[PDB]
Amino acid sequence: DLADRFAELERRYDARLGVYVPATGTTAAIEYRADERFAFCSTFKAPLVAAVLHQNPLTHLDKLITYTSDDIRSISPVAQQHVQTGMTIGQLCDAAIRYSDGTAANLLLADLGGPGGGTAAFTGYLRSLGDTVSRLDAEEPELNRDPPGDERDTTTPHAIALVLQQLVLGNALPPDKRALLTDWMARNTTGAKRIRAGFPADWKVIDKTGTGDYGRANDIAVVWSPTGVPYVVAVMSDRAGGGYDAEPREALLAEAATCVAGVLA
């Protein structure tokens, strides 16, 4: 019956909304277009960091990577600053999550190795976690601007929420590695107007945002009740019928998050 409010929000914002909240021990699952495909955009950077963490020892984070000015091919607020000094795999992880750095994601994909510069390796890592649906085919920034209807560089709310649940709440990572991913998402800077804005302030929120053309605006998050119960909230949206240049509407994601918060209360 909450699916009437979501469809009302889709009408209001001229957009398509996708919502998934995995069912917990006490409460039931929340689904709206939960098995419809939305574009990853930058949300893939969260399990990308987890893939590098799972495949390498903790001391692989101190390895220095250097890059040229020709590698800065997308918005890279941190990689742009360190073209002469270079950056370690740890700082690349910090940048790729907290500042959604495009270049940091592409080098992290390269560190994964393999065909397509690491896209195949990344999709393989998602498969190991049980995600049968998601797929990454391009690197930054081409992945953001796939045409609508094309299945490349897409996930689903259902699929991405279950990946995030294992990475933060489950056992996909050892505790010392799981605490680094969690801390990076807790100190994220790009999502203050989305799921964070939809939930009361005494609910803790860690998230990774995603934005691209065709009005694409995503936010995947883990949230904690004031009493400590954790939930996973996957919210994805696009406005593909409005064309390539359609503006994303962050208010839709905040409003949807407020609907969810009332149900989880």
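The term rigid core refers to the most C-alpha atoms you can superpose between the two forms while keeping them within 1.5 Å. The first residue of the shown sequence is 1; numbering continues from there.
Core-fitted comparison in 5 other deposited structures of this protein, 84-92 vs 107-115, farther C-alphas
Higher average C-alpha offset in 5 other deposited structures of this protein goes to 84-92.
More shifted region, core-based fit in 5 other deposited structures of this protein, 217-225 vs 61-69 by CA
Most displaced of the pair in 5 other deposited structures of this protein: 61-69.
Decide which of the stretches 23-31 and 234-242 has the higher mean C-alpha B-factor, going by the entry.
Of 23-31 and 234-242, the stretch with the higher C-alpha B-factor average is 23-31.
I need to verify one thing: averaged over C-alpha atoms only, is the B-factor higher for 40-48 or for 66-74?
Looking at the recorded C-alpha B-factors, 66-74 comes out higher on average.
Residue with maximal Cα B-factor (values as given in the PDB entry) among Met185, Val163, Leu143, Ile195
Answer, based on the entry's C-alpha B-factors: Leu143.
Going by the recorded CA B-factors, say which third of the chain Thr59 sits in, lowest, middle or highest.
Ranked within chain, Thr59 CA B lands in the highest tercile.
Among the modelled residues of its chain, does the C-alpha B-factor of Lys177 lie in the lowest, middle or highest third?
Highest third.
By the recorded C-alpha temperature factor, relative to the other modelled residues in its chain, which third is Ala159 in?
It belongs to the lowest third of the chain when residues are ordered by C-alpha B-factor.
How does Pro200 rank on Cα B-factor within its chain, lowest, middle or highest third?
According to the entry, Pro200 has a C-alpha B-factor in the chain's lowest third.
Third of the chain's Cα B-factor distribution that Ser225 belongs to, per the entry
For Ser225, whose C-alpha B-factor we compare with every modelled residue in the chain, the answer is the middle third.
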